[PDB]
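The structure appears below as structure tokens.
There are 2 protein chains.
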Amino acid sequence: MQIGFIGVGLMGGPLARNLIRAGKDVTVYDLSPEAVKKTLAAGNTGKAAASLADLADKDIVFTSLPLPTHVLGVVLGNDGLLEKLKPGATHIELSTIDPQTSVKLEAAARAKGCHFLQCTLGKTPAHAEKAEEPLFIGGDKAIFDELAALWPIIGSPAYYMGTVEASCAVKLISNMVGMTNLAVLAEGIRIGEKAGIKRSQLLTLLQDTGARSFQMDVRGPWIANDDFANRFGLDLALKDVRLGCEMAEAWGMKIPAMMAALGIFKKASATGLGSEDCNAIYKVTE
Amino acid sequence: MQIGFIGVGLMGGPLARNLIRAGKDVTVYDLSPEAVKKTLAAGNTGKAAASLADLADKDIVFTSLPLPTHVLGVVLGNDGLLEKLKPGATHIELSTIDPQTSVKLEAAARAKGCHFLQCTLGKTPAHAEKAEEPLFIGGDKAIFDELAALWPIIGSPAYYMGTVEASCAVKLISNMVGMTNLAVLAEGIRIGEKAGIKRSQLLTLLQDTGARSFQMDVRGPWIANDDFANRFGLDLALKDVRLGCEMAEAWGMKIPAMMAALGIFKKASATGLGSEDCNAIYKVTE
Numbered sequence: 002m003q004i005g006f007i008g009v010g011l012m013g014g015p016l017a018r019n020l021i022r023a024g025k026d027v028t029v030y031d032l033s034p035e036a037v038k039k040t041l042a043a044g045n046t047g048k049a050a051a052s053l054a055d056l057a058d059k060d061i062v063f064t065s066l067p068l069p070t071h072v073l074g075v076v077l078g079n080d081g082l083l084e085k086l087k088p089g090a091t092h093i094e095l096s097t098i099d100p101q102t103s104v105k106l107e108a109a110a111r112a113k114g115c116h117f118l119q120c121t122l123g124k125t126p127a128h129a130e131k132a133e134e135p136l137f138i139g140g141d142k143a144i145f146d147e148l149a150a151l152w153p154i155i156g157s158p159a160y161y162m163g164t165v166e167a168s169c170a171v172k173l174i175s176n177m178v179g180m181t182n183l184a185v186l187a188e189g190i191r192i193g194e195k196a197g198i199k200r201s202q203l204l205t206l207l208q209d210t211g212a213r214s215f216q217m218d219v220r221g222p223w224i225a226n227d228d229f230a231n232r233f234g235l236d237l238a239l240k241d242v243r244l245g246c247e248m249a250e251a252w253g254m255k256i257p258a259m260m261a262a263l264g265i266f267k268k269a270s271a272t273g274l275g276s277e278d279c280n281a282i283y284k285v286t287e
Numbered sequence: 002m003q004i005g006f007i008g009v010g011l012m013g014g015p016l017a018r019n020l021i022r023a024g025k026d027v028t029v030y031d032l033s034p035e036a037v038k039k040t041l042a043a044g045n046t047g048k049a050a051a052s053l054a055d056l057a058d059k060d061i062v063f064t065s066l067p068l069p070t071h072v073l074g075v076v077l078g079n080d081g082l083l084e085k086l087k088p089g090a091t092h093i094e095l096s097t098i099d100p101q102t103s104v105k106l107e108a109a110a111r112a113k114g115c116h117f118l119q120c121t122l123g124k125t126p127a128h129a130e131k132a133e134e135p136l137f138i139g140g141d142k143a144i145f146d147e148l149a150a151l152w153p154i155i156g157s158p159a160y161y162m163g164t165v166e167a168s169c170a171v172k173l174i175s176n177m178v179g180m181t182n183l184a185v186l187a188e189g190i191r192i193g194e195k196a197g198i199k200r201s202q203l204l205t206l207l208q209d210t211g212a213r214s215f216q217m218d219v220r221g222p223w224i225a226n227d228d229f230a231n232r233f234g235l236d237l238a239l240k241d242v243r244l245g246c247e248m249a250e251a252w253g254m255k256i257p258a259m260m261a262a263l264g265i266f267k268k269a270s271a272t273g274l275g276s277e278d279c280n281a282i283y284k285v286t287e
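Chains G and E are the protein sequences, given in the same order. Heads up: take any position in the first sequence, counting from 1, add 1, and you land on the numbering used here. Heads up: take any position in the second sequence, counting from 1, add 1, and you land on the numbering used here.
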């Protein structure tokens, strides 16, 4: 069985590597030659692609790219990927994109005679390396079921979301809620500082209250040690939060608290600290 | 040793009861005659007060009242409580008030020759009944140390916050962060509904992500079952959040996400669902 894999970036690369380690016939296509080298170095069963048309014979094509614009550009041009596919081929989309975009992708695929699944990824690239990341698969239940043997190779539990928009939405919501939780935690810590409470003590005390959150337990200590080393890049956070905020709002929503979080992430990125971790928004919270 | 206790309401009543059960000489003063009866029924060692001047001989006076306006009115009139106190008496203030107010209270007490501690209370009245609620004590370290034998009777760990404003602030921050966490969780759940994800499944999935929070685990199920029975009254939440937001802002702050939470709580109270639990803000989230 013949797999193509466009984009072996930070989360896509680990899934492609796991496919290669499992002996599958993966041919990677990435504009970064050494992303390709890194992923291709996991076994002798994976090969690189000279151009996009090298993926035309493929039975399954994975896509993992940074922006919805990129997925549409690679898959949906006249000289894009979808026009070169066998009917019956399946496009699995791993990118954290918005529901509008992936619905457009799915209708393209169905209109040509191809199958399409959205498959957004949870947790860390560290998890994805071990296939211990959740998969949120949406799309035609027939294809999710048909591909039952594939999923354990790439992901943790294979959650079936039903619709493709659910698949995008659960990923975006988890990042919206987590990053807003973090922005709110930063607001709390900064308030405590105006009351003369050291961050350390404030965290220790809040730990046994109803204010507790995963971000509190995980990133509170880092903020308390002025540690902003990249774990989840601030500009990655901002990208995903902005995308989710656009996704709502396209649905007519208001989500004021999350919009405020979006604002603080934008302000931090503008301060030029987009390469630091999420918690760097603390540095611009006031 | 002679204790007076003004306000045996929802959190004050359990502490007064615990003082009575421990055999202490507590005389309660409350404008609700049957709050007094309920608290006074915990033993034969506690008695009721005909008027405020019945508390004039007292060595320690606890105050637990709903608004900062009420504490100032009871303690700081010309015919208020403080004028009738022995020098050397101690005013312990249990109310969730703002730092401006309790600093005013403390300066009044020191200017008369009395001692003053702020002692805000964490967790639930259920906890307070068993003295398993945290105490955040701020004020003169000498008095906190002198009263070392008293604290285990009324509270869980006796945390010493140092300054009185720290004592107010840690209570308010915990409620600000917790209620904003809840408003943000409501935003996430409501977004998931616009994507066609049932609340149940969205919660189950978000539980194993970085969006997890105490409010998620505790009140997520209730929202998922359309259960809004009072656990923490929405109007109580709104009161405390508004107070904390005023406390910041008096410090020149902006805290946008928390201000948005304040807005949604105000909107819910205006919809007339102030007697339901916190999570009822979900009903007006959009």
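Quick reminder that beta carbons are idealized off the backbone N, C-alpha and C, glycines included.
Hey, out of the options, whose CA is closest to residue i's CA?
| i | options | result |
| --- | --- | --- |
| residue 183 of chain G | G:282, G:78, G:137, G:63 | G:282 |
| residue 111 of chain G | G:83, G:95, G:126 | G:83 |
| residue 221 of chain E | E:212, E:236, E:204 | E:204 |
| residue 51 of chain E | E:7, E:44, E:20 | E:7 |
| residue 209 of chain E | G:236, G:128, G:26 | G:128 |
| residue 274 of chain E | E:198, E:160, E:235 | E:235 |
| residue 219 of chain E | E:2, E:23, E:169, E:180 | E:180 |
| residue 157 of chain E | E:26, E:268, E:87, E:130 | E:130 |
| residue 264 of chain G | G:239, G:133, G:125 | G:239 |
| residue 227 of chain G | G:279, G:44, G:3 | G:279 |
| residue 260 of chain E | E:247, E:269, E:85, E:252 | E:247 |
| residue 233 of chain E | E:2, E:145, E:5, E:12 | E:12 |
| residue 27 of chain E | E:60, E:267, E:286, E:244 | E:60 |
| residue 105 of chain E | E:223, E:70, E:250, E:134 | E:70 |
| residue 195 of chain E | G:243, G:216, G:250 | G:250 |
| residue 154 of chain G | G:5, G:3, G:24, G:114 | G:24 |
| residue 65 of chain G | G:207, G:88, G:147, G:126 | G:126 |
| residue 88 of chain G | G:80, G:109, G:217 | G:109 |
| residue 192 of chain G | E:103, E:47, E:256 | E:256 |
| residue 267 of chain E | E:252, E:254, E:237, E:253 | E:237 |
| residue 187 of chain E | E:123, E:134, E:269 | E:269 |
| residue 212 of chain E | G:150, G:252, G:124, G:254 | G:124 |
Kindly indicate which three-state DSSP category residue i falls into: helix, strand or coil?
| i | result |
| --- | --- |
| residue 63 of chain E | strand |
| residue 27 of chain E | strand |
| residue 201 of chain G | helix |
| residue 179 of chain G | helix |
| residue 162 of chain G | strand |
| residue 94 of chain G | strand |
| residue 103 of chain G | helix |
| residue 234 of chain E | strand |
| residue 174 of chain G | helix |
| residue 211 of chain G | coil |
| residue 43 of chain E | coil |
| residue 218 of chain G | helix |
| residue 78 of chain G | coil |
| residue 13 of chain G | helix |
| residue 5 of chain G | strand |
| residue 278 of chain E | strand |
| residue 187 of chain E | helix |
| residue 167 of chain E | helix |
| residue 225 of chain G | helix |
| residue 48 of chain E | strand |
| residue 287 of chain E | coil |
| residue 269 of chain G | helix |
Closer than 7 Å by C-beta to residue i: which residues in its own chain qualify, once you throw out the five before and the five after it? Chain order, please.
| i | result |
| --- | --- |
| residue 241 of chain G | 97, 173, 176 |
| residue 277 of chain E | 229, 231, 235 |
Just to confirm my understanding: we take residue i, look at its own chain, exclude 5 residues before and 5 after, and list those with CB closer than 6 Å. What are they?
| i | result |
| --- | --- |
| residue 200 of chain G | 190, 225 |
| residue 40 of chain E | 9, 14, 17, 18, 29 |
| residue 37 of chain E | 29, 31, 49 |
| residue 272 of chain G | 285 |
| residue 147 of chain G | none |
| residue 43 of chain G | 18, 21, 22 |
I'd like the list of long-range same chain contacts for residue i, defined as Cβ closer than 8 Å, with 5 residues on each side in sequence excluded.
| i | result |
| --- | --- |
| residue 62 of chain G | 4, 5, 6, 7, 56, 82, 86, 90, 91, 92, 93 |
| residue 166 of chain E | 100, 103, 104, 139 |
* Are the segment 90-103 of chain G and the segment 118-127 of chain G touching by the rule of at least three beta carbon pairs closer than 8 Å? -> Yes: at least three Cβ pairs fall under 8 Å.
* **the segment 71-83 of chain G in contact with the segment 52-62 of chain G per 3-pair CB rule at 8 Å** => Touching, yes, given that three or more Cβ pairs across the two stretches are closer than 8 Å.
* Between the segment 155-167 of chain E and the segment 127-141 of chain E, do three or more beta carbon pairs fall short of 8 Å? -> Yes, since at least three Cβ pairs between the segment 155-167 of chain E and the segment 127-141 of chain E fall closer than 8 Å, the two stretches touch.
* To do: At 3 residues or longer, and completely inside the segment 107-145 of chain E: list those beta strand (DSSP E) runs for me, N to C.
  => Taken in chain order, the complete beta strand (DSSP E) segments of 3 residues or longer contained in the segment 107-145 of chain E are 116-122, 136-140.
* **Where the segment 236-252 of chain G meets chain C: residues whose CB sits under 9 Å from a CB there** => The structure shown has no chain C; the protein chains it does contain are G and E.
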